[PDB]
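Coordinates from my_file.txt are shown below (compact mmCIF, C-alpha atoms).
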```txt
# COMPACT_ATOMS: atom_id res chain seq x y z
CA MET Z 1 -72.61 -135.63 35.77
CA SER Z 2 -72.99 -139.07 37.32
CA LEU Z 3 -72.16 -140.87 34.10
CA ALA Z 4 -71.66 -140.26 30.40
CA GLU Z 5 -75.19 -138.92 30.65
CA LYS Z 6 -73.64 -135.49 31.05
CA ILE Z 7 -71.76 -135.93 27.80
CA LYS Z 8 -73.97 -136.36 24.76
CA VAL Z 9 -73.38 -136.19 21.03
CA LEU Z 10 -75.95 -135.73 18.28
CA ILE Z 11 -75.16 -136.82 14.74
CA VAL Z 12 -77.98 -135.68 12.50
CA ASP Z 13 -77.76 -134.74 8.84
CA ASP Z 14 -79.89 -134.43 5.73
CA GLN Z 15 -78.10 -137.50 4.45
CA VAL Z 16 -76.61 -140.56 6.12
CA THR Z 17 -73.47 -140.11 4.07
CA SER Z 18 -72.93 -136.77 5.75
CA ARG Z 19 -74.05 -137.98 9.16
CA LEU Z 20 -72.80 -141.55 9.07
CA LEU Z 21 -69.63 -139.83 7.91
CA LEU Z 22 -69.40 -137.65 11.00
CA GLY Z 23 -70.94 -140.30 13.23
CA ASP Z 24 -68.26 -142.65 11.96
CA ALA Z 25 -65.40 -140.24 12.49
CA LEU Z 26 -66.92 -138.99 15.72
CA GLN Z 27 -67.19 -142.55 16.98
CA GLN Z 28 -63.56 -142.98 16.00
CA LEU Z 29 -62.81 -140.08 18.32
CA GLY Z 30 -64.38 -141.54 21.44
CA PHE Z 31 -67.71 -139.90 22.19
CA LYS Z 32 -69.83 -140.51 25.26
CA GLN Z 33 -73.23 -141.24 23.75
CA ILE Z 34 -73.70 -140.73 20.03
CA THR Z 35 -77.25 -140.03 18.93
CA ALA Z 36 -78.38 -139.80 15.32
CA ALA Z 37 -81.63 -138.20 14.24
CA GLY Z 38 -83.59 -137.49 11.08
CA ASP Z 39 -82.06 -134.09 10.44
CA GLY Z 40 -81.64 -130.58 11.80
CA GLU Z 41 -84.47 -130.33 14.30
CA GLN Z 42 -85.23 -134.02 13.93
CA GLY Z 43 -81.91 -134.32 15.71
CA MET Z 44 -81.47 -130.95 17.37
CA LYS Z 45 -84.79 -131.25 19.17
CA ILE Z 46 -83.64 -134.68 20.30
CA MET Z 47 -80.61 -133.10 21.92
CA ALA Z 48 -82.83 -130.43 23.44
CA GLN Z 49 -84.94 -133.03 25.20
CA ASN Z 50 -82.13 -135.36 26.21
CA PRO Z 51 -78.64 -134.37 27.38
CA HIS Z 52 -76.33 -132.71 24.89
CA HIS Z 53 -72.66 -131.78 24.96
CA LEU Z 54 -71.44 -131.92 21.38
CA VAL Z 55 -73.79 -131.51 18.44
CA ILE Z 56 -72.69 -132.65 15.00
CA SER Z 57 -74.74 -132.25 11.85
CA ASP Z 58 -74.45 -131.42 8.16
CA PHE Z 59 -74.04 -127.96 6.70
CA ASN Z 60 -77.22 -128.41 4.70
CA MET Z 61 -80.14 -126.12 5.44
CA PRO Z 62 -82.39 -128.43 7.47
CA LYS Z 63 -84.97 -127.43 10.05
CA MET Z 64 -82.08 -126.18 12.14
CA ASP Z 65 -78.47 -125.56 11.19
CA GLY Z 66 -75.45 -123.95 12.80
CA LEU Z 67 -77.48 -120.79 12.27
CA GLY Z 68 -80.83 -121.99 13.56
CA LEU Z 69 -79.09 -124.25 16.04
CA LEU Z 70 -77.31 -121.25 17.51
CA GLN Z 71 -80.34 -118.99 17.81
CA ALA Z 72 -81.99 -122.08 19.24
CA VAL Z 73 -79.43 -122.39 22.01
CA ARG Z 74 -79.58 -118.67 22.71
CA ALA Z 75 -83.03 -119.59 23.98
CA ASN Z 76 -82.09 -122.79 25.77
CA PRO Z 77 -79.01 -122.61 28.01
CA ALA Z 78 -78.87 -126.39 27.95
CA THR Z 79 -77.62 -126.36 24.38
CA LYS Z 80 -76.16 -122.88 24.72
CA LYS Z 81 -73.45 -124.66 26.69
CA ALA Z 82 -73.16 -127.34 24.02
CA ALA Z 83 -71.15 -127.08 20.83
CA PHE Z 84 -72.18 -127.82 17.27
CA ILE Z 85 -70.33 -128.99 14.18
CA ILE Z 86 -71.48 -128.08 10.68
CA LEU Z 87 -69.76 -129.77 7.76
CA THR Z 88 -70.64 -130.49 4.15
CA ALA Z 89 -69.71 -132.82 1.31
CA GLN Z 90 -67.10 -130.16 0.65
CA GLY Z 91 -66.36 -127.60 3.33
CA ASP Z 92 -67.56 -124.20 4.49
CA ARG Z 93 -65.19 -122.73 7.05
CA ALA Z 94 -66.85 -119.37 6.56
CA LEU Z 95 -70.15 -121.03 7.39
CA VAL Z 96 -68.80 -122.51 10.60
CA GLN Z 97 -66.89 -119.42 11.64
CA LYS Z 98 -70.13 -117.63 10.89
CA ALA Z 99 -72.12 -119.71 13.34
CA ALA Z 100 -69.49 -119.21 16.02
CA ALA Z 101 -69.45 -115.50 15.28
CA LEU Z 102 -73.23 -115.45 15.06
CA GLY Z 103 -73.32 -116.27 18.75
CA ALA Z 104 -72.70 -119.98 19.19
CA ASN Z 105 -70.94 -121.57 22.14
CA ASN Z 106 -68.62 -123.63 19.97
CA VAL Z 107 -69.00 -124.56 16.32
CA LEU Z 108 -66.48 -126.59 14.36
CA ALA Z 109 -66.38 -127.42 10.67
CA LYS Z 110 -65.29 -130.56 8.87
CA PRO Z 111 -63.67 -129.35 5.63
CA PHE Z 112 -60.97 -131.09 3.64
CA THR Z 113 -58.32 -129.68 5.95
CA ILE Z 114 -57.54 -131.99 8.85
CA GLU Z 115 -55.70 -128.96 10.18
CA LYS Z 116 -58.95 -127.05 10.47
CA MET Z 117 -61.16 -129.93 11.53
CA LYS Z 118 -58.53 -131.37 13.84
CA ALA Z 119 -57.54 -127.99 15.21
CA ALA Z 120 -61.24 -127.24 15.37
CA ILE Z 121 -61.96 -130.16 17.66
CA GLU Z 122 -58.80 -129.33 19.57
CA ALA Z 123 -60.60 -126.09 20.31
CA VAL Z 124 -63.98 -127.51 21.25
CA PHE Z 125 -62.06 -129.93 23.45
CA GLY Z 126 -59.69 -127.22 24.63
CA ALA Z 127 -59.77 -123.79 23.04
CA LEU Z 128 -63.45 -122.92 23.18
CA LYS Z 129 -63.31 -119.51 21.55
```
Representation of the structure as structure tokens:
Amino acid sequence: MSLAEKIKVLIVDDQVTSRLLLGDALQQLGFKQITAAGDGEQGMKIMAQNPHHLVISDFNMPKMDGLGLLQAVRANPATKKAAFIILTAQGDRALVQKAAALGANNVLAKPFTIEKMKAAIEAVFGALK
């Protein structure tokens, strides 16, 4: 809470394209401290150790995805207070909404609808639920 330390972003995906894609857009948003990892856990675990605030990864089925990520948080309150974004080369709003419903703090998707993605972020940044 002293510095950006509090705020932390993790951009890990099964493919740079996916990640670099989010990491690029995310960076264009104005994150605190972007952090890319190998994938799922490779990145999720990273956020677990260090500070996390906004997790962003691919929709793929890595070591940990919106699903695993959630259940993961449920265990750790550190991430349980952090959000997570799950997008794909296409878009799976049902997948995202699923994670959120599953029992996630805040999960946003990155489909082909700026309205969803944008509005999504507008939620994570404002409207949590």
- [ ] Name all residues at most 12 Å from segment 72-74 of chain Z (count all atoms listed in the file; drop same-chain ones fewer than 5 positions away) and give them as a list in words.
- [x] residues 40, 41, 44, 45, 47, 48, 52, 53, 55, 63, 64, 65, 66, 67, 79, 80, 81, 82, 83, 84, 99, 102, 103, 104, 105 and 106 of chain Z
Take the residues from that selection and put them in a file with C-alpha atoms, as a PDB file, in the coordinates of the input.
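Result file again_19.pdb:
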```
ATOM      1  CA  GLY Z  40     -81.640-130.580  11.800  1.00  0.00           C
ATOM      2  CA  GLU Z  41     -84.470-130.330  14.300  1.00  0.00           C
ATOM      3  CA  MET Z  44     -81.470-130.950  17.370  1.00  0.00           C
ATOM      4  CA  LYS Z  45     -84.790-131.250  19.170  1.00  0.00           C
ATOM      5  CA  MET Z  47     -80.610-133.100  21.920  1.00  0.00           C
ATOM      6  CA  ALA Z  48     -82.830-130.430  23.440  1.00  0.00           C
ATOM      7  CA  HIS Z  52     -76.330-132.710  24.890  1.00  0.00           C
ATOM      8  CA  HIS Z  53     -72.660-131.780  24.960  1.00  0.00           C
ATOM      9  CA  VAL Z  55     -73.790-131.510  18.440  1.00  0.00           C
ATOM     10  CA  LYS Z  63     -84.970-127.430  10.050  1.00  0.00           C
ATOM     11  CA  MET Z  64     -82.080-126.180  12.140  1.00  0.00           C
ATOM     12  CA  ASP Z  65     -78.470-125.560  11.190  1.00  0.00           C
ATOM     13  CA  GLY Z  66     -75.450-123.950  12.800  1.00  0.00           C
ATOM     14  CA  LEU Z  67     -77.480-120.790  12.270  1.00  0.00           C
ATOM     15  CA  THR Z  79     -77.620-126.360  24.380  1.00  0.00           C
ATOM     16  CA  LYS Z  80     -76.160-122.880  24.720  1.00  0.00           C
ATOM     17  CA  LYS Z  81     -73.450-124.660  26.690  1.00  0.00           C
ATOM     18  CA  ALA Z  82     -73.160-127.340  24.020  1.00  0.00           C
ATOM     19  CA  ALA Z  83     -71.150-127.080  20.830  1.00  0.00           C
ATOM     20  CA  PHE Z  84     -72.180-127.820  17.270  1.00  0.00           C
ATOM     21  CA  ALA Z  99     -72.120-119.710  13.340  1.00  0.00           C
ATOM     22  CA  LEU Z 102     -73.230-115.450  15.060  1.00  0.00           C
ATOM     23  CA  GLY Z 103     -73.320-116.270  18.750  1.00  0.00           C
ATOM     24  CA  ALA Z 104     -72.700-119.980  19.190  1.00  0.00           C
ATOM     25  CA  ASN Z 105     -70.940-121.570  22.140  1.00  0.00           C
ATOM     26  CA  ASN Z 106     -68.620-123.630  19.970  1.00  0.00           C
TER      27      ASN Z 106
END
```
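Picture a line from atom CA of residue 4 of chain Z to atom CA of residue 34 of chain Z; it runs 10.6 Å.
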Task: Residue nearest residue 77 of chain Z - candidates Z:2, Z:109, Z:51, Z:122, atoms counted: only C-alpha atoms - done: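 Nearest to residue 77 of chain Z: Z:51.
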Open item on the list: Show me the residues close to (-70.0, -131.6, 13.7) - anything with an atom within 8 Å, counting only C-alpha atoms - and format the list as a list in words.
Closed with: residues 11, 22, 54, 55, 56, 57, 58, 84, 85, 86, 87, 107, 108, 109 and 110 of chain Z
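Here atom CA of residue 95 of chain Z and atom CA of residue 6 of chain Z stand 27.9 Å from one another.
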Task: atom CA of residue 24 of chain Z to atom CA of residue 76 of chain Z, distance in Å rounded to a single decimal - done: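 Calculated distance between atom CA of residue 24 of chain Z and atom CA of residue 76 of chain Z is 27.9 Å.
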Task: Option closest in space to residue 26 of chain Z, from Z:121, Z:71, Z:38, Z:112 [counting all atoms listed in the file] - done: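 For residue 26 of chain Z, the nearest of the candidates is Z:121.
Here the residues that fall within 7 Å of (-82.4, -132.8, 5.1), using all atoms listed in the file, are given as residues 13, 14, 15, 39, 60 and 62 of chain Z.
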Take the residues from that selection and write them out as a CSV table (one decimal), in the coordinates of the input, keeping C-alpha atoms.
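Output file result.csv is given in full below:
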```
chain,number,residue,atom,x,y,z
Z,13,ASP,CA,-77.8,-134.7,8.8
Z,14,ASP,CA,-79.9,-134.4,5.7
Z,15,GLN,CA,-78.1,-137.5,4.4
Z,39,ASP,CA,-82.1,-134.1,10.4
Z,60,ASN,CA,-77.2,-128.4,4.7
Z,62,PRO,CA,-82.4,-128.4,7.5
```
Open item on the list: Taking all atoms listed in the file into account, name the residue in Z:3, Z:20, Z:69, Z:61 that is nearest to residue 36 of chain Z.
Closed with: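 Smallest distance to residue 36 of chain Z is found for Z:20.
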Enclose segment 103-114 of chain Z, meaning all of its atoms listed in the file, in a box aligned along x, y and z, pad it by 8 Å on each side, and list the centre and edge lengths in Å to one decimal, as lines of an AutoDock Vina configuration file.
```
center_x = -65.4
center_y = -124.1
center_z = 12.9
size_x = 31.8
size_y = 31.7
size_z = 34.5
```
- [ ] Skip residue 33 of chain Z itself and residues of its chain fewer than 2 positions away, then list as a PyMOL selection string all residues within 8 Å of it, counting all atoms listed in the file.
- [x] chain Z and resi 4-5+7-9+31+35
Just segment 39-71 of chain Z, please, as a PDB file, in the first residue's frame (only N, CA, C and O atoms).
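Below is the file that was written, decode04.pdb:
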```pdb
ATOM      1  N   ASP Z  39       2.849 -19.768 -17.881  1.00  0.00           N
ATOM      2  CA  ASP Z  39       1.452 -20.048 -18.158  1.00  0.00           C
ATOM      3  C   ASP Z  39       0.737 -20.399 -16.851  1.00  0.00           C
ATOM      4  O   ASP Z  39       1.381 -20.618 -15.828  1.00  0.00           O
ATOM      5  N   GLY Z  40      -0.585 -20.440 -16.929  1.00  0.00           N
ATOM      6  CA  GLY Z  40      -1.394 -20.761 -15.766  1.00  0.00           C
ATOM      7  C   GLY Z  40      -0.589 -20.592 -14.475  1.00  0.00           C
ATOM      8  O   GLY Z  40      -0.232 -19.477 -14.103  1.00  0.00           O
ATOM      9  N   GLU Z  41      -0.326 -21.719 -13.828  1.00  0.00           N
ATOM     10  CA  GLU Z  41       0.429 -21.710 -12.588  1.00  0.00           C
ATOM     11  C   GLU Z  41       1.732 -20.927 -12.766  1.00  0.00           C
ATOM     12  O   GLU Z  41       2.024 -20.016 -11.991  1.00  0.00           O
ATOM     13  N   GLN Z  42       2.481 -21.311 -13.790  1.00  0.00           N
ATOM     14  CA  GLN Z  42       3.746 -20.657 -14.078  1.00  0.00           C
ATOM     15  C   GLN Z  42       3.639 -19.154 -13.810  1.00  0.00           C
ATOM     16  O   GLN Z  42       4.630 -18.510 -13.470  1.00  0.00           O
ATOM     17  N   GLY Z  43       2.429 -18.641 -13.974  1.00  0.00           N
ATOM     18  CA  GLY Z  43       2.180 -17.226 -13.754  1.00  0.00           C
ATOM     19  C   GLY Z  43       1.365 -17.005 -12.478  1.00  0.00           C
ATOM     20  O   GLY Z  43       1.680 -16.123 -11.681  1.00  0.00           O
ATOM     21  N   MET Z  44       0.331 -17.821 -12.325  1.00  0.00           N
ATOM     22  CA  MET Z  44      -0.531 -17.725 -11.160  1.00  0.00           C
ATOM     23  C   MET Z  44       0.280 -17.835  -9.867  1.00  0.00           C
ATOM     24  O   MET Z  44       0.143 -17.002  -8.971  1.00  0.00           O
ATOM     25  N   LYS Z  45       1.105 -18.870  -9.811  1.00  0.00           N
ATOM     26  CA  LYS Z  45       1.939 -19.100  -8.642  1.00  0.00           C
ATOM     27  C   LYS Z  45       2.793 -17.859  -8.379  1.00  0.00           C
ATOM     28  O   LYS Z  45       3.021 -17.491  -7.227  1.00  0.00           O
ATOM     29  N   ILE Z  46       3.244 -17.249  -9.465  1.00  0.00           N
ATOM     30  CA  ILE Z  46       4.069 -16.057  -9.365  1.00  0.00           C
ATOM     31  C   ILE Z  46       3.301 -14.971  -8.608  1.00  0.00           C
ATOM     32  O   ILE Z  46       3.855 -14.310  -7.732  1.00  0.00           O
ATOM     33  N   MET Z  47       2.036 -14.822  -8.977  1.00  0.00           N
ATOM     34  CA  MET Z  47       1.186 -13.828  -8.344  1.00  0.00           C
ATOM     35  C   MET Z  47       0.914 -14.188  -6.882  1.00  0.00           C
ATOM     36  O   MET Z  47       0.756 -13.306  -6.040  1.00  0.00           O
ATOM     37  N   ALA Z  48       0.867 -15.487  -6.625  1.00  0.00           N
ATOM     38  CA  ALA Z  48       0.617 -15.976  -5.280  1.00  0.00           C
ATOM     39  C   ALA Z  48       1.758 -15.535  -4.361  1.00  0.00           C
ATOM     40  O   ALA Z  48       1.517 -15.025  -3.268  1.00  0.00           O
ATOM     41  N   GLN Z  49       2.975 -15.747  -4.839  1.00  0.00           N
ATOM     42  CA  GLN Z  49       4.154 -15.377  -4.075  1.00  0.00           C
ATOM     43  C   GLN Z  49       4.222 -13.857  -3.905  1.00  0.00           C
ATOM     44  O   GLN Z  49       4.173 -13.352  -2.784  1.00  0.00           O
ATOM     45  N   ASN Z  50       4.332 -13.171  -5.033  1.00  0.00           N
ATOM     46  CA  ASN Z  50       4.406 -11.721  -5.023  1.00  0.00           C
ATOM     47  C   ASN Z  50       2.996 -11.144  -4.877  1.00  0.00           C
ATOM     48  O   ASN Z  50       2.027 -11.889  -4.746  1.00  0.00           O
ATOM     49  N   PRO Z  51       2.927  -9.786  -4.902  1.00  0.00           N
ATOM     50  CA  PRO Z  51       1.653  -9.100  -4.775  1.00  0.00           C
ATOM     51  C   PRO Z  51       0.843  -9.201  -6.069  1.00  0.00           C
ATOM     52  O   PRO Z  51       1.403  -9.149  -7.162  1.00  0.00           O
ATOM     53  N   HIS Z  52      -0.465  -9.346  -5.901  1.00  0.00           N
ATOM     54  CA  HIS Z  52      -1.358  -9.454  -7.042  1.00  0.00           C
ATOM     55  C   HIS Z  52      -2.601  -8.594  -6.805  1.00  0.00           C
ATOM     56  O   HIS Z  52      -3.044  -8.438  -5.668  1.00  0.00           O
ATOM     57  N   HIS Z  53      -3.128  -8.060  -7.897  1.00  0.00           N
ATOM     58  CA  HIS Z  53      -4.312  -7.220  -7.822  1.00  0.00           C
ATOM     59  C   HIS Z  53      -5.235  -7.529  -9.003  1.00  0.00           C
ATOM     60  O   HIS Z  53      -6.454  -7.583  -8.844  1.00  0.00           O
ATOM     61  N   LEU Z  54      -4.619  -7.724 -10.158  1.00  0.00           N
ATOM     62  CA  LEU Z  54      -5.370  -8.025 -11.366  1.00  0.00           C
ATOM     63  C   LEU Z  54      -4.623  -9.087 -12.175  1.00  0.00           C
ATOM     64  O   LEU Z  54      -3.547  -8.822 -12.710  1.00  0.00           O
ATOM     65  N   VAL Z  55      -5.222 -10.267 -12.239  1.00  0.00           N
ATOM     66  CA  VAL Z  55      -4.627 -11.369 -12.972  1.00  0.00           C
ATOM     67  C   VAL Z  55      -5.241 -11.437 -14.373  1.00  0.00           C
ATOM     68  O   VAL Z  55      -6.456 -11.315 -14.528  1.00  0.00           O
ATOM     69  N   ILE Z  56      -4.375 -11.628 -15.356  1.00  0.00           N
ATOM     70  CA  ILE Z  56      -4.818 -11.712 -16.738  1.00  0.00           C
ATOM     71  C   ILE Z  56      -4.069 -12.845 -17.441  1.00  0.00           C
ATOM     72  O   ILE Z  56      -2.843 -12.829 -17.520  1.00  0.00           O
ATOM     73  N   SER Z  57      -4.840 -13.803 -17.935  1.00  0.00           N
ATOM     74  CA  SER Z  57      -4.265 -14.944 -18.630  1.00  0.00           C
ATOM     75  C   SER Z  57      -5.161 -15.348 -19.801  1.00  0.00           C
ATOM     76  O   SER Z  57      -6.154 -14.681 -20.089  1.00  0.00           O
ATOM     77  N   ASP Z  58      -4.780 -16.441 -20.446  1.00  0.00           N
ATOM     78  CA  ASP Z  58      -5.538 -16.944 -21.580  1.00  0.00           C
ATOM     79  C   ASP Z  58      -6.654 -17.861 -21.077  1.00  0.00           C
ATOM     80  O   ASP Z  58      -6.662 -18.252 -19.911  1.00  0.00           O
ATOM     81  N   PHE Z  59      -7.570 -18.176 -21.981  1.00  0.00           N
ATOM     82  CA  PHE Z  59      -8.688 -19.039 -21.643  1.00  0.00           C
ATOM     83  C   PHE Z  59      -8.286 -20.513 -21.718  1.00  0.00           C
ATOM     84  O   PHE Z  59      -8.999 -21.381 -21.216  1.00  0.00           O
ATOM     85  N   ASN Z  60      -7.145 -20.751 -22.348  1.00  0.00           N
ATOM     86  CA  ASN Z  60      -6.639 -22.105 -22.495  1.00  0.00           C
ATOM     87  C   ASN Z  60      -6.798 -22.851 -21.168  1.00  0.00           C
ATOM     88  O   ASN Z  60      -7.198 -22.262 -20.165  1.00  0.00           O
ATOM     89  N   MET Z  61      -6.477 -24.135 -21.206  1.00  0.00           N
ATOM     90  CA  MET Z  61      -6.579 -24.969 -20.020  1.00  0.00           C
ATOM     91  C   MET Z  61      -5.192 -25.327 -19.480  1.00  0.00           C
ATOM     92  O   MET Z  61      -4.787 -26.487 -19.523  1.00  0.00           O
ATOM     93  N   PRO Z  62      -4.486 -24.282 -18.972  1.00  0.00           N
ATOM     94  CA  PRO Z  62      -3.154 -24.475 -18.424  1.00  0.00           C
ATOM     95  C   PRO Z  62      -3.217 -25.147 -17.052  1.00  0.00           C
ATOM     96  O   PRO Z  62      -4.215 -25.781 -16.712  1.00  0.00           O
ATOM     97  N   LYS Z  63      -2.139 -24.983 -16.297  1.00  0.00           N
ATOM     98  CA  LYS Z  63      -2.059 -25.565 -14.969  1.00  0.00           C
ATOM     99  C   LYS Z  63      -3.171 -24.981 -14.094  1.00  0.00           C
ATOM    100  O   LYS Z  63      -3.686 -25.658 -13.206  1.00  0.00           O
ATOM    101  N   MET Z  64      -3.504 -23.730 -14.375  1.00  0.00           N
ATOM    102  CA  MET Z  64      -4.544 -23.046 -13.624  1.00  0.00           C
ATOM    103  C   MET Z  64      -5.236 -21.987 -14.484  1.00  0.00           C
ATOM    104  O   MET Z  64      -4.583 -21.084 -15.006  1.00  0.00           O
ATOM    105  N   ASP Z  65      -6.547 -22.132 -14.605  1.00  0.00           N
ATOM    106  CA  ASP Z  65      -7.334 -21.198 -15.393  1.00  0.00           C
ATOM    107  C   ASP Z  65      -8.461 -20.631 -14.528  1.00  0.00           C
ATOM    108  O   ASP Z  65      -8.682 -21.092 -13.409  1.00  0.00           O
ATOM    109  N   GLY Z  66      -9.145 -19.640 -15.080  1.00  0.00           N
ATOM    110  CA  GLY Z  66     -10.244 -19.004 -14.373  1.00  0.00           C
ATOM    111  C   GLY Z  66     -10.886 -19.972 -13.376  1.00  0.00           C
ATOM    112  O   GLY Z  66     -11.287 -19.569 -12.285  1.00  0.00           O
ATOM    113  N   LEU Z  67     -10.965 -21.229 -13.786  1.00  0.00           N
ATOM    114  CA  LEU Z  67     -11.552 -22.256 -12.943  1.00  0.00           C
ATOM    115  C   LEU Z  67     -10.588 -22.582 -11.800  1.00  0.00           C
ATOM    116  O   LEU Z  67     -10.903 -22.353 -10.634  1.00  0.00           O
ATOM    117  N   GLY Z  68      -9.433 -23.114 -12.175  1.00  0.00           N
ATOM    118  CA  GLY Z  68      -8.424 -23.475 -11.195  1.00  0.00           C
ATOM    119  C   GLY Z  68      -7.965 -22.250 -10.403  1.00  0.00           C
ATOM    120  O   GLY Z  68      -7.752 -22.330  -9.194  1.00  0.00           O
ATOM    121  N   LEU Z  69      -7.827 -21.141 -11.118  1.00  0.00           N
ATOM    122  CA  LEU Z  69      -7.398 -19.900 -10.496  1.00  0.00           C
ATOM    123  C   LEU Z  69      -8.350 -19.553  -9.348  1.00  0.00           C
ATOM    124  O   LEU Z  69      -7.908 -19.221  -8.250  1.00  0.00           O
ATOM    125  N   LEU Z  70      -9.637 -19.641  -9.645  1.00  0.00           N
ATOM    126  CA  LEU Z  70     -10.656 -19.340  -8.651  1.00  0.00           C
ATOM    127  C   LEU Z  70     -10.446 -20.232  -7.426  1.00  0.00           C
ATOM    128  O   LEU Z  70     -10.053 -19.750  -6.364  1.00  0.00           O
ATOM    129  N   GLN Z  71     -10.716 -21.516  -7.613  1.00  0.00           N
ATOM    130  CA  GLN Z  71     -10.559 -22.478  -6.536  1.00  0.00           C
ATOM    131  C   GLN Z  71      -9.250 -22.230  -5.787  1.00  0.00           C
ATOM    132  O   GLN Z  71      -9.164 -22.464  -4.583  1.00  0.00           O
TER     133      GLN Z  71
END
```
